[PDB]
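Worksheet: the structure to be examined is printed underneath.
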Amino acid sequence: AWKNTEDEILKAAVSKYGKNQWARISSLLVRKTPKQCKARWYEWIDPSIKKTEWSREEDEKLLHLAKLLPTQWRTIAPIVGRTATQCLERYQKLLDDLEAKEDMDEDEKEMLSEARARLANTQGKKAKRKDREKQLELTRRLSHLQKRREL
Amino acid sequence: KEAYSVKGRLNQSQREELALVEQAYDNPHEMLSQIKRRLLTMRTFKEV
Amino acid sequence: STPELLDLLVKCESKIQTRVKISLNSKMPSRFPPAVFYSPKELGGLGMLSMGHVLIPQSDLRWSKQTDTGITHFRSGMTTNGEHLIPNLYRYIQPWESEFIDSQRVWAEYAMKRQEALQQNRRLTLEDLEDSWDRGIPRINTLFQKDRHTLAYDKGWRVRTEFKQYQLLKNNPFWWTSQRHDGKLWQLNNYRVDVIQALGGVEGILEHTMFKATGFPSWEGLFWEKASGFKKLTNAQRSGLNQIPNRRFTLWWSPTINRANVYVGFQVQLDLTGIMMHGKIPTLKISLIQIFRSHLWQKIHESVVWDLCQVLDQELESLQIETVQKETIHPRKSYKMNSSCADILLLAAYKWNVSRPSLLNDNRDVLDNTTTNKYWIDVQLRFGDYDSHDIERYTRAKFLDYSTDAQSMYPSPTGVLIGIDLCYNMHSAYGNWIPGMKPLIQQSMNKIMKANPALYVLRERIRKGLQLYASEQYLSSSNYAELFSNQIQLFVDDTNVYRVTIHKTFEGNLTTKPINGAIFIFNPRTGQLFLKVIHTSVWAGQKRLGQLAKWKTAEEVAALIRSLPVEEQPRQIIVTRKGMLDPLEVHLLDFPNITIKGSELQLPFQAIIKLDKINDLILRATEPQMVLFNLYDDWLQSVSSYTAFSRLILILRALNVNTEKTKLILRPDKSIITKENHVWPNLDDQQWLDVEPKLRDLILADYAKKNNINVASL
Amino acid sequence: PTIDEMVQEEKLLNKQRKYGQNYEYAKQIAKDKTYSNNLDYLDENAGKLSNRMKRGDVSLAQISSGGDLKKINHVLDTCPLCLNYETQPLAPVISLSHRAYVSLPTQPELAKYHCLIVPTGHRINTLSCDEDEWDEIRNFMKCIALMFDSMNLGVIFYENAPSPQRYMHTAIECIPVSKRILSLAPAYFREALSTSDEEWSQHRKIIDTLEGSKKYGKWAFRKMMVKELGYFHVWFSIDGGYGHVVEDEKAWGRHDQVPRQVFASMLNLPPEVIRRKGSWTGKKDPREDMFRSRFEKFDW
RNA sequence: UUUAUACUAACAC
RNA sequence: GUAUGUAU
Ligand SMILES: [Zn+2]
C-alpha cells in the first residue's frame with residue numbers, strides 16, 4: 001500500500017539511524033518489513049532519486065541502450081541516471097506503444113505517536129536507572145534533614 | 001514445501017511463503033492466471 | 001574395498017559416541033555398554049547403526065529372572081554361539097553389480113508377466129509381484145507409488161536436486177537419488193533383528209535398563225511418550241530445555257552406566273539414600289533425588305518392617321513365640337552400609353534346631369545342619385548396578401560379615417536378614433530357617449513385594465521419570481471360588497447410566513434425549529442391589545456428557561460405601577469395564593484398603609432393564625431415589641447361594657437370547673407363580689434343571705447367530 | 001509426608017498427564033534466571049533444580065474436566081457435529097445409532113457413495129470408545145459393505161488421528177472401490193505408510209490386524225494398537241487392516257493427505273481433488289438424498 | 001459502574 | 001526477585 005504517513009516517518013527514521021540499519025526502522029513501522037522498508041527507499045523516498053520531469057533530448061538515448069543490452073535493466077540504470085529501474089522499464093513501455101499506433105485511522109495515529117517517543121529519547125537503561133538513584137538519594141535527604149530540624 | 005517441513009523453527013520470509021503456498025493449493029486457476037501475468041510483463045526483480 | 005574410508009568410519013562413529021559420552025559425564029568412560037548405543041529405539045536405544053566391529057564383551061550379557069520357585073541365571077556367551085560382535089552394516093546391502101544384474105532381469109521378468117497378462121487379457125495381480133518387491137533400481141514398488149499419475153509429468157528431476165544445493169543452505173546427503181522415482185534403495189529390517197540377538201535378546205538388553213524397577217508384567221505391550229518443551233528464556237535456558245528428553249535416557253540406562261567398570265571414579269554415596277553415584281553424572285543425580293523426594297528411603301525400610309510385625313503377631317502361636325518386639329530404629333540406620341543393628345527381635349518358648357543358612361525361593365533346603373533357640377530380622381534395602389544384582393551373593397556376604405563381627409551388637413549369634421533390591425525388584429535371605437518360617441516368609445514377602453504402599457510409590461515415581469506407560473489379577477475360573485469367601489465384595493456395573501431415546505424433529509433433524517439409568521452395584525454375598533436413579537435434569541444443559549456420566553457414577557458409588565457402615569463396607573470392588581478404574585480410584589483413595597480389580601469377563605448386566613417393573617417404576621420416578629432390590633427372592637430358604645449365582649448369570653444372559661423370546665417362554669409358565677414381595681419365579685429342583693438347558697441351548701444359538709461359529713469344544 | 005498420604009499424591013498425578021516431574025524440572029530452569037548449561041554447574045546446584053511440588057494442587061476439579069476448560073469448551077462450542085439435545089450437527093445425517101451415526105462428507109468428495117461414521121460423544125481416537133459403542137460401528141460396517149456387495153464393489157475404510165492434542169473428533173470414512181482395485185490397496189498403503197514418516201522411529205512401520213484377526217478376530221486392532229498417542233489405521237472387510245502410528249505430524253500432513261493422496265492415486269483423480277476444503281453447513285439435499293434411499297434397504 | 005496504562009508475575013495454558 | 005549493590 002504505502003501511504004503518506006509511512007514515508008514521513010521513514011524519512012525521519014533514516015535521518016535518525018542511517019540507511020545501513022533497516023530492521024530498526026521496520027519495527028517502528030509495524031506492518032512494514034526491513035526488505036520492503038529498504039526496497040521502497042531505493043526506489044522512491046530518497047533525495048538522490050529524480051521523481052519529477054523527463055527531458056525529451058536526454059531521453060532518446062535511454063531507449064538506445066535497450067537496443068544494445070536487451071533486458072539487463074539494472075546495468076542500464078546507473079548510466080541513464082534517472083535510476084528506479086521500474087520507471088526506466090515503464091518509460092520504454094510508453095514509447096514502444098506510441099511508435100506502433102502512428103481502526104485503520106486509529107492504528108495510523110498510534111504508530112505516529114510511538115515514533116515521536118523513539119526519536120525524542122536516547123538515554124538507554126543505564127541513564128534512566130542512574131537518574132532514579134539520584135532522585136531517590138535527593139528525596140531521601142529532604143526527609144532526613146526534616147528529621148534533624150524536628151529533633 | 002520440502003524446504004520447511006524439516007525445519008522446526010520458521011522465519012518471517014518462510015511464514016510469508018507458506019501462506020502463498022497454502023493459498024495456491026486451494027485455488028489453482030487463480031494462481032495460474034497470476035503466474036502467466038508475472039512472466040509476460042515483469043522484467044525487474046527484488047534484491048536477492 | 002578401501003582402507004582409507006574404513007578408518008574414518010571407525011574414528012567418526014567414535015566421535016559421535018564421544019559427544020553423548022561427554023554430555024553425561026566429563027571424566028570420560030574407560031569403557032561403555034554398547035547396548036545403550038546400538039540397541040533399537042523401541043527398547044530405549046539411540047538406534048545408531050555401525051560400520052566396523054564392536055567386540056561386545058562377554059560379561060555384559062548375563063541376566064537374571066525371578067519366579068517364586070527360585071532365581072534363574074542365564075549366560076548368552078557360555079552357550080556355543082557365533083562370536084559376539086555387533087553386526088556390520090554392509091552385510092545387509094546388495095552390492096551394486098548384483099542389483100544392476102538383477103534389475104534388468106527383474107524388469108524383464110516384469111515385461112514377461114505384464115505382456116503375458118495382456119496376452120491372457122487379464123490384469124496383473126499382487127500375487128506375482130510379491131516375488132520381486134525390493135529389487136530393480138527403479139524398485140517395482142515405485143510402480144505402486146501414490147503420485148504415479150502426477151510424477152509422470154515431473155521430468156528432469158535428477159538435475160534439479162543436484163542444483164538445489166545452491167538454492168538453500170541445508171547439506172543434503174540424499175542428493176544423487178530421490179525416494180519417489182527410485183523408491184527405497186535400501187532395506188534395513190533384518191539388521192535390527194540380528195543386532196538384538198547379538199546384545200543378548202530383549203532380556204539381555206532390558207537387563208541393562210530400569211525395566212525391572214518399574215515392575216511391569218512383560219515387555220509385550222508397553223509404551224513411550226513424546227514431549228516438546230511460553231516465557232522469554234534467552235540462550236542458556238533454551239539449551240537446557242532442548243536437553244529435557246535427553247535426561248530420561250540417562251534414567252533408563254542408569255543401571256548399566258552407574259558402575260565401577262564404566263567410571264573409575266570416586267564412589268560417593270548420594271545423601272538421604274542408600275544409592276551410590278560413581279561419577280558426577282549430574283543429569284542422573286537430579287532425577288534420582290526427584291524420585292526419592294520426601295524421605296522415601298527411610299519410609300521403605302519402615303514400611304517393610306512395620307508390615308512384618310503385623311504378620312508375626314497373628315502367627316506367633318504356631319512358632320511358639322514368647323514376645324515379638326521391634327527395636328528402636330536410629331534415624332540414619334536405614335541408609336548406612338558398614339553397620340546395621342537388627343530391627344525385629346524374637347524369642348522361642350520351646351527349642352528350635354535350625355540349619356546352616358540357606359536360601360528362600362530355592363527348592364531343596366536342609367533342616368538339621370545347626371542348633372539354636374532364637375532369631376531376629378534386619379531388612380537391608382539395596383540399589384543395584386548391572387554389575388551386581390545378585391542378592392543371593394550379597395546377603396550371603398552380609399551374614400558372614402555381620403554374624404562373626406564382634407562390633408555388631410545382635411542379641412544371639414543366630415538370626416536372619418532380608419535383602420531387597422529396588423532396581424530389579426528382587427528379594428532373598430541367607431538366614432537360619434525352620435519348618436513354618438520358610439513357607440511363611442516365602443508367601444509373606446511375595447505379598448509384601450506386591451502389596452506395600454512404599455514400593456508402589458517408588459514404582460510410580462520411576463514411571464513418572466521414564467514416562468513409560470502401558471496397554472490386581474484378572475477374573476479367571478479360580479477367582480470365582482475366591483469371590484464367595486467370608487469377605488464382602490461388590491460388582492459395580494456402570495453400563496446403565498447414560499442412554500438416549502429417539503426423538504424426531506418436526507423438520508425434523510434427528511435428536512437424542514436421555515432416559516434415567518441405574519448405577520448397578522451387585523453383591524456376591526447378600527445378593528442385593530444398590531440402585532441409584534439419575535434424573536434427566538442433571539444431564540440437561542451439559543457438554544461432554546458421556547465422560548461426565550462416568551464420573552457421576554463413581555461419585556455416587558463412593559457415596560454409597562460411606563452411607564454403608566464400617567461393618568458392611570466391601571473388601572474388593574470389581575468393575576465390568578477397564579476404563580472405569582481411572583475415575584473410580586480418585587474417590588476410593590480415601591478408602592485405601594479396598595482392592596479395585598479389572599476383569600476379562602463378559603458379565604451379563606445388559607439384561608437388567610428388561611424386567612417390566614424396572615421400566616415402569618423408573619419412567620414414573622420423578623426424583624433421585626436410593627432403592628434397594630433383591631435378586632434372590634427368598635431363595636436362601638430353598639436354593640443355596642453359589643449355584644444360584646451361576647443360575648441368574650445364565651438367566652440374565654438368557655434375556656439377550658432369542659432376544660425377547662426366552663422371557664416369552666417364562667410367561668406361559670403360569671403354574672410357577674412369582675412371589676409378590678420378590679422378583680424371580682418359584683422354580684423347583686427339577687424345573688431348575690429344565691430351565692438350565694433351554695437357556696444354554698438358546699444362548700449358544702445367539703453366539704452362533706452373532707459370532708457365526710456354532711458348537712465347539714467345552 | 002507419610003506413606004499412606006504419599007500414595008494418594010502419586011495416583012492423582014497419574015491422571016494429569018500434562019504435569020509430572022518433567023514440568024517441575026523445565027519450570028525450575030525458566031524460574032532460575034541464572035542457569036549455565038554445563039555439568040560443572042548442574043552438579044553444584046543439583047538439589048535446587050529438582051525442588052518443587054509445593055504449588056501443585058486442585059485435586060478432583062482438575063481431572064474431571066481434563067485438557068483445560070478454556071481449550072476443550074472452545075472446541076466443544078464450535079465442534080460442527082457432536083449430537084446432543086441442545087446442539088444439532090452441521091452434517092445432514094442418514095441413520096442414527098444410539099452412540100454413532102452415518103453422514104455425508106465435505107463438498108470436494110472422493111467417490112460417489114463416500115460416507116463417514118461418527119461417534120456421538122467427543123471421542124478422538126476410536127480406541128478410546130467404549131466396547132458398548134464399538135458394537136454399533138460393526139453393524140454399520142457389515143450393512144454398508146453388503147450394500148456395495150450387490151453393486152459388485154467392496155469397501156476400504158480408515159481413520160486418521162495424528163494429533164489428539166488438537167482434540168478433534170474422529171470420522172471413520174467409507175470409500176467405495178472395486179474388488180480388483182481393492183486387492184491392490186494392501187500394496188499401496190504398505191508403501192505409503194513405510195515411506196511417509198522418517199524411518200528411525202521406535203514403533204516400526206506397519207502393524208497388521210489382518211494376521212492378528214486370525215488370532216483374535218473380534219478385536220485385533222483394539223488389542224494391538226494403543227489409544228493414548230497419535231496413530232492411523234486402515235482396514236479391509238470387517239476386521240482386517242493395516243496400521244501405522246504417526247510421529248512428526250508436521251511431516252505427516254495437518255490437513256489429511258497421506259491417505260487421501262493414496263486414494264487419489266489408486267482410484268486416480270485430478271490433482272485439484274487431492275486437498276479437502278469446504279464445510280458441512282447444512283440442508284444439502286440433492287446429493288445426500290440419493291444415498292439414504294439406497295442405504296435403507298440394507299440398513300438396520 | 002465503565003475505559004486506558006503500569007505494577008502486581010516471585011501465575012497458567 | 002536472584003545475580004548485584006544502597007541504608008539501619
Ligand atoms: Zn464433536
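Please note that chains go A, B, ... in the order of the C-alpha cells, that every chain numbers its residues from 1, and that ligands are numbered from 1 in the order shown.
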Within 6 Å of ligand 1, which residues show up when you count only C-alpha atoms (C1' of nucleotides) and all ligand atoms? List them as JSON, numbers by chain, please.
{"D": [79, 81, 82, 122, 169]}
With only C-alpha atoms (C1' of nucleotides) as the counted atoms, please give the residues lying no more than 12 Å from residue 30 of chain A, apart from itself and same-chain residues fewer than 6 positions off, as a list in words.
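My reading of the contact set: residues 6, 9, 10, 23, 24, 36, 37, 107, 108, 110, 111, 112, 114 and 115 of chain A.
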Neighbours of residue 176 of chain D within 10 Å (only C-alpha atoms (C1' of nucleotides); same-chain residues fewer than 6 positions away dropped), as an mmCIF file with N, CA and C atoms, in the first residue's frame?
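File part_26.cif, as written:
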```
data_model
loop_
_atom_site.group_PDB
_atom_site.id
_atom_site.type_symbol
_atom_site.label_atom_id
_atom_site.label_comp_id
_atom_site.auth_asym_id
_atom_site.auth_seq_id
_atom_site.Cartn_x
_atom_site.Cartn_y
_atom_site.Cartn_z
ATOM 1 N N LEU D 110 -14.621 -37.762 -2.491
ATOM 2 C CA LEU D 110 -13.646 -38.725 -3.009
ATOM 3 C C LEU D 110 -14.293 -39.739 -3.961
ATOM 4 N N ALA D 111 -15.541 -40.110 -3.681
ATOM 5 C CA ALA D 111 -16.291 -41.033 -4.533
ATOM 6 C C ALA D 111 -17.791 -40.764 -4.425
ATOM 7 N N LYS D 112 -18.559 -41.340 -5.346
ATOM 8 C CA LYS D 112 -19.993 -41.047 -5.456
ATOM 9 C C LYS D 112 -20.824 -41.457 -4.230
ATOM 10 N N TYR D 113 -20.465 -42.572 -3.590
ATOM 11 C CA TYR D 113 -21.124 -43.006 -2.348
ATOM 12 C C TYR D 113 -20.143 -42.996 -1.169
ATOM 13 N N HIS D 114 -19.439 -41.877 -1.016
ATOM 14 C CA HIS D 114 -18.461 -41.697 0.054
ATOM 15 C C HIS D 114 -19.163 -41.231 1.326
ATOM 16 N N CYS D 115 -18.944 -41.949 2.429
ATOM 17 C CA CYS D 115 -19.627 -41.680 3.702
ATOM 18 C C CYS D 115 -18.636 -41.618 4.862
ATOM 19 N N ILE D 144 -23.183 -51.573 5.353
ATOM 20 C CA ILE D 144 -22.581 -50.727 4.320
ATOM 21 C C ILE D 144 -21.823 -51.587 3.307
ATOM 22 N N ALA D 145 -21.065 -52.563 3.801
ATOM 23 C CA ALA D 145 -20.338 -53.485 2.932
ATOM 24 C C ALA D 145 -21.295 -54.286 2.046
ATOM 25 N N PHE D 148 -22.697 -52.439 -0.933
ATOM 26 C CA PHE D 148 -21.777 -52.364 -2.070
ATOM 27 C C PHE D 148 -21.408 -53.739 -2.641
ATOM 28 N N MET D 151 -23.683 -54.097 -5.513
ATOM 29 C CA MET D 151 -23.131 -53.262 -6.585
ATOM 30 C C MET D 151 -21.875 -53.860 -7.232
ATOM 31 N N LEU D 153 -18.458 -54.411 -5.688
ATOM 32 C CA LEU D 153 -17.532 -53.331 -5.355
ATOM 33 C C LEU D 153 -16.608 -53.654 -4.171
ATOM 34 N N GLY D 154 -17.161 -53.731 -2.963
ATOM 35 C CA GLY D 154 -16.349 -53.831 -1.747
ATOM 36 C C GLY D 154 -15.898 -52.457 -1.283
ATOM 37 N N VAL D 155 -15.423 -52.367 -0.041
ATOM 38 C CA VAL D 155 -15.067 -51.077 0.561
ATOM 39 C C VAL D 155 -13.809 -51.142 1.433
ATOM 40 N N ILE D 156 -13.028 -50.063 1.392
ATOM 41 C CA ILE D 156 -11.934 -49.830 2.330
ATOM 42 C C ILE D 156 -12.289 -48.615 3.173
ATOM 43 N N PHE D 157 -12.166 -48.752 4.490
ATOM 44 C CA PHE D 157 -12.449 -47.660 5.415
ATOM 45 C C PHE D 157 -11.158 -47.311 6.145
ATOM 46 N N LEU D 182 -9.333 -53.032 -5.065
ATOM 47 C CA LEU D 182 -9.272 -53.305 -3.626
ATOM 48 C C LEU D 182 -8.101 -54.213 -3.268
ATOM 49 N N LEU D 267 -7.416 -44.806 -7.025
ATOM 50 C CA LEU D 267 -8.643 -44.567 -7.782
ATOM 51 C C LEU D 267 -8.348 -43.695 -9.010
#
```
Exercise answer, chain A residues close to chain B, 10 Å and only C-alpha atoms, as an NGL selection string
:A and (33 or 35-36 or 39 or 71-74 or 85-86 or 89)
Write out, as a tab-separated table (two decimals), in the first residue's frame, the residues just selected, with N, CA and C atoms.
```tsv
chain	number	residue	atom	x	y	z
A	33	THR	N	8.29	-4.50	6.57
A	33	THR	CA	9.38	-5.46	6.81
A	33	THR	C	10.68	-4.91	6.21
A	35	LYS	N	13.02	-5.56	4.38
A	35	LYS	CA	13.23	-5.69	2.94
A	35	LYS	C	12.40	-4.66	2.18
A	36	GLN	N	11.11	-4.57	2.49
A	36	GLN	CA	10.24	-3.56	1.88
A	36	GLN	C	10.67	-2.15	2.29
A	39	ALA	N	13.76	-1.55	0.40
A	39	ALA	CA	13.46	-1.59	-1.04
A	39	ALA	C	12.75	-0.33	-1.49
A	71	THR	N	16.83	-6.44	-22.09
A	71	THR	CA	16.66	-6.72	-20.65
A	71	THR	C	17.84	-6.06	-19.93
A	72	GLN	N	18.47	-6.75	-18.98
A	72	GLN	CA	19.70	-6.26	-18.33
A	72	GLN	C	19.50	-4.95	-17.57
A	73	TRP	N	18.27	-4.74	-17.10
A	73	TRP	CA	17.78	-3.40	-16.74
A	73	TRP	C	18.48	-2.69	-15.58
A	74	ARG	N	19.18	-3.43	-14.72
A	74	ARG	CA	19.88	-2.80	-13.58
A	74	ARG	C	21.24	-2.22	-13.94
A	85	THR	N	14.81	1.66	-11.75
A	85	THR	CA	14.62	0.79	-12.91
A	85	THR	C	13.17	0.50	-13.28
A	86	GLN	N	12.29	0.43	-12.28
A	86	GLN	CA	10.86	0.34	-12.53
A	86	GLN	C	10.43	1.36	-13.59
A	89	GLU	N	11.95	1.03	-17.00
A	89	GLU	CA	11.27	0.00	-17.77
A	89	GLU	C	9.92	0.52	-18.25
```
With distances taken over only C-alpha atoms, which residue among D:231, D:263, D:242, D:219 lies nearest residue 149 of chain C?
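Ranked by minimum distance to residue 149 of chain C, first place goes to D:263.
Ranking D:251, D:264, D:181, D:42 by their shortest atom-to-atom distance to chain B, with only C-alpha atoms included, puts D:251 first.
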When you look at segment 15-27 of chain B with a cut-off of 9 Å (counting only C-alpha atoms (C1' of nucleotides)), what residues show up, excluding the ones that are within fewer than 3 positions of it in the same chain? I need them as a ChimeraX atom specification.
/B:1,4,10-12,30-32 /D:272,275-277
Preceding selection exported with C-alpha atoms as a PDB file, in the first residue's frame:
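As written to disk, selection_26.pdb reads:
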```pdb
ATOM      1  CA  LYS B   1       7.300 -27.437   0.593  1.00  0.00           C
ATOM      2  CA  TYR B   4      10.240 -26.074   5.507  1.00  0.00           C
ATOM      3  CA  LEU B  10      10.347 -20.936  10.758  1.00  0.00           C
ATOM      4  CA  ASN B  11      11.311 -17.358   9.861  1.00  0.00           C
ATOM      5  CA  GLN B  12       9.413 -14.282   8.616  1.00  0.00           C
ATOM      6  CA  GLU B  30      -6.444 -18.120  -9.982  1.00  0.00           C
ATOM      7  CA  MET B  31      -2.765 -18.729  -9.160  1.00  0.00           C
ATOM      8  CA  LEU B  32      -2.095 -19.915 -12.736  1.00  0.00           C
TER       9      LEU B  32
ATOM     10  CA  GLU D 272      -7.480 -30.490  -7.578  1.00  0.00           C
ATOM     11  CA  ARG D 275      -6.855 -31.428  -0.937  1.00  0.00           C
ATOM     12  CA  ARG D 276     -10.094 -31.420   1.054  1.00  0.00           C
ATOM     13  CA  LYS D 277     -11.523 -27.966   1.804  1.00  0.00           C
TER      14      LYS D 277
END
```
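In this comparison, which uses only C-alpha atoms (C1' of nucleotides), the residue of D:35, D:229, D:45, D:129 approaching chain F most closely is D:35.
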Return the neighbours of chain C among the residues of chain B, cut-off 12 Å, counting only C-alpha atoms, as a ChimeraX atom specification.
/B:2-4,6-8,48
Determine, using only C-alpha atoms (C1' of nucleotides), which residues of chain D have any atom at most 12 Å from an atom of chain E, and tabulate each with its shortest atom pair and distance in Å to one decimal place, rows ordered by chain and then rising number, as a Markdown table.
```
| residue | atom | partner | partner_atom | distance |
| --- | --- | --- | --- | --- |
| D:18 | CA | E:13 | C1' | 10.3 |
| D:19 | CA | E:13 | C1' | 11.6 |
| D:27 | CA | E:12 | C1' | 11.8 |
| D:31 | CA | E:10 | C1' | 8.7 |
| D:32 | CA | E:10 | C1' | 10.8 |
| D:33 | CA | E:10 | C1' | 11.6 |
| D:55 | CA | E:11 | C1' | 10.3 |
| D:56 | CA | E:12 | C1' | 11.7 |
| D:67 | CA | E:13 | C1' | 9.6 |
| D:68 | CA | E:13 | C1' | 7.7 |
| D:69 | CA | E:13 | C1' | 10.0 |
| D:70 | CA | E:13 | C1' | 9.0 |
| D:71 | CA | E:13 | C1' | 8.7 |
| D:72 | CA | E:13 | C1' | 11.9 |
```
Generate the output file for the selected residues, N, CA and C atoms, as a short mmCIF file (atom, residue, chain, number, x, y, z; two decimals), in the first residue's frame.
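Generated output (part_26.cif):
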```cif
data_model
loop_
_atom_site.label_atom_id
_atom_site.label_comp_id
_atom_site.auth_asym_id
_atom_site.auth_seq_id
_atom_site.Cartn_x
_atom_site.Cartn_y
_atom_site.Cartn_z
N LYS D 18 -0.40 -33.89 31.75
CA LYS D 18 0.34 -32.68 31.38
C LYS D 18 1.41 -32.28 32.40
N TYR D 19 1.16 -32.53 33.68
CA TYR D 19 2.10 -32.15 34.74
C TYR D 19 2.66 -33.37 35.47
N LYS D 27 10.24 -26.00 34.51
CA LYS D 27 9.82 -24.76 35.16
C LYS D 27 10.97 -24.14 35.94
N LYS D 31 12.59 -20.31 35.76
CA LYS D 31 12.48 -19.57 37.03
C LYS D 31 13.86 -19.21 37.62
N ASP D 32 14.87 -20.02 37.32
CA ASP D 32 16.21 -19.88 37.93
C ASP D 32 16.93 -18.60 37.50
N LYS D 33 16.62 -18.10 36.31
CA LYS D 33 17.26 -16.90 35.74
C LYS D 33 18.76 -17.10 35.45
N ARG D 55 3.46 -25.75 44.73
CA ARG D 55 2.38 -25.07 44.01
C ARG D 55 1.35 -26.00 43.35
N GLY D 56 1.68 -27.29 43.23
CA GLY D 56 0.77 -28.26 42.61
C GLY D 56 -0.41 -28.56 43.53
N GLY D 67 -7.72 -31.72 30.06
CA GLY D 67 -7.29 -30.94 28.88
C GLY D 67 -7.70 -29.47 28.88
N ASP D 68 -7.66 -28.85 30.06
CA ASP D 68 -8.12 -27.46 30.26
C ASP D 68 -9.61 -27.27 29.99
N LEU D 69 -10.15 -26.19 30.56
CA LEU D 69 -11.55 -25.84 30.39
C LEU D 69 -11.69 -24.96 29.15
N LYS D 70 -10.93 -23.87 29.13
CA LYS D 70 -10.96 -22.89 28.03
C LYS D 70 -10.71 -23.50 26.65
N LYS D 71 -9.85 -24.51 26.58
CA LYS D 71 -9.48 -25.12 25.31
C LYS D 71 -10.55 -26.10 24.81
N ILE D 72 -10.94 -27.05 25.66
CA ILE D 72 -11.92 -28.06 25.27
C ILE D 72 -13.31 -27.46 25.04
#
```
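One finds atom CA of residue 528 of chain C at 25.4 Å from atom CA of residue 669 of chain C.
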Would you pick out the contacts of segment 279-282 of chain C at 8 Å or less, using only C-alpha atoms (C1' of nucleotides), so that residues sharing its chain but fewer than 4 positions from it are not included, and give the list as an MDAnalysis selection string?
(chainID C and resid 24:25 27 258 263:267 286) or (chainID D and resid 39 42:43 46)
